[PDB]
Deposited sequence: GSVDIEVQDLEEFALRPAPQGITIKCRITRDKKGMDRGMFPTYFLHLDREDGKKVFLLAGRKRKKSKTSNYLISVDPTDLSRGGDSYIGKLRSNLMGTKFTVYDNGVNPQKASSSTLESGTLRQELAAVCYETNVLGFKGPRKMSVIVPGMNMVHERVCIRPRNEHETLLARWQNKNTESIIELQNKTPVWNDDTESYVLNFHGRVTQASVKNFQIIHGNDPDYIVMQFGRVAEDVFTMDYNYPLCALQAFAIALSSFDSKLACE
């Protein structure tokens, strides 16, 4: 019965050891769609966790604008995404902030590149106590996408979508969601680490017109996973 008291603290809290946090994203109720993330208690009740809405998507723990704990930035193309916390943008930072207290953190970055298409998820590395090693870029070469491209693999973690395999009976590339043949698309995917395709860090799939299921494990927290999933709504595909 994973505890959820402080919504902001929960949002930023990495998934525990051998525990999978299972959630459900529900879409809505010009003006942009509002996605709601709820914890799927295994006893039957839902616990609100986060609300995300395009305006860049602002992710907040307050459903009832511009107050947020997370922010999702996309490129013009919809192929490069970066998730920030609610800290100070280094470009607008004052001398006092820059070298005395601190700037905005980068919680995640996503890149949607014959075979099945690739999806790259870059997150902050974890320390020896298994807690995110805060990445607060003071410039362009310190971001998650820049480190990823420059191969500064030290404090980061390179994840990717699990490769779906062609199924002869379905005549479609498929993924296996808990044993069930699932049609691979930008709406149904799993995030793993190349070196270990058996460990599902994140599993996202649609279960209705406006309903999807999202499960996540270590090192991810609800804010990263939720933001990764929103990037799939906003992507080129």
| item | value |
| --- | --- |
| Sequence order list of spans that the model leaves without C-alpha positions, deposited numbering | 1-3, 33-37, 64-69, 79-83, 133-138, 263-265 |
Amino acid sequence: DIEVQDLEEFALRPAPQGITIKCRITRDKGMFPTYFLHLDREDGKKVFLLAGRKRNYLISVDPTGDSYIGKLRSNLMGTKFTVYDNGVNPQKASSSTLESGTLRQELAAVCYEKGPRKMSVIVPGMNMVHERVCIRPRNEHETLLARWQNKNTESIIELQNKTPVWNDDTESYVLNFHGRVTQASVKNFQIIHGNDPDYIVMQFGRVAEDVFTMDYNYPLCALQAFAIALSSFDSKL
From here on, numbers count along this sequence of modelled residues.
property	result
Of 136-144 and 81-89, the stretch whose C-alpha atoms average the higher B-factor in the entry	136-144
Mean C-alpha temperature factor, higher of 127-135 and 156-164	127-135
Ranked C-alpha temperature factor of residue 61 among modelled chain residues, by third	middle
Where the record places residue 17 (Cα B-factor, split into thirds across the chain)	highest
Residue 103 - Cα temperature factor, lowest/middle/highest third of chain	middle
Third of the chain, ranked by Cα B-factor, where residue 199 sits	middle
Third of chain Cα B-factors occupied by residue 76	highest
